[PDB]
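Listed next as structure tokens is one chain, alone, in the form solved without ajmaline.
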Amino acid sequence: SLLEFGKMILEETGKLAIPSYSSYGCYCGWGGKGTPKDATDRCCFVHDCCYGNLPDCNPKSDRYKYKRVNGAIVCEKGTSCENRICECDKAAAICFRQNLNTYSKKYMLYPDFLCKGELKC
């Protein structure tokens, strides 16, 4: 759920999910349209696609458990949905940490109208 996702993000990047990653670019948070603006936005795009692979799952509200082993995120065994949701979120948290150097404040609260084009999953 967003509670676990939020905590991963803070742990990885030291930034709070709201508001650093909930209104960023074309894909982070609510949105989903056009071309991702930068690496961080691509992480959100792939994250949206990952959830999109799980029709019959409720990734926003379904809670999973994860632990840290040697600093590494390890998803603990739950239902099938919980496992797969945790793996999507884990990948996004790492992707954010990997692209932290290029995170730009310029893309915070980005315009909807400037999210143009198309990109399939």
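Residue positions are given as counts along the sequence shown, with the first one as 1.
One more form of this protein exists, namely the form deposited with ajmaline bound; it is left out here, but the text below deals with it.
Engineer: Is there any non-hydrogen atom of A91 lying within 4.5 Å of ajmaline in the bound PDB entry?
Structural biologist: Answer no; every heavy atom of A91 is more than 4.5 Å from ajmaline in the bound PDB entry.
Engineer: Is there a heavy atom of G71 lying 4.5 Å or less from a heavy atom of ajmaline in the bound PDB entry?
Structural biologist: No, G71 sits far enough from ajmaline in the bound PDB entry that none of its heavy atoms falls within 4.5 Å.
Engineer: Is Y51 near ajmaline? Define near as a heavy atom within 4.5 Å, in the bound PDB entry.
Structural biologist: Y51 belongs to the contact set for ajmaline.
Engineer: If you look in the bound PDB entry, which residues in 84-109 sit within 4.5 Å of ajmaline (heavy atoms)?
Structural biologist: Residues within 4.5 Å: none in this stretch.
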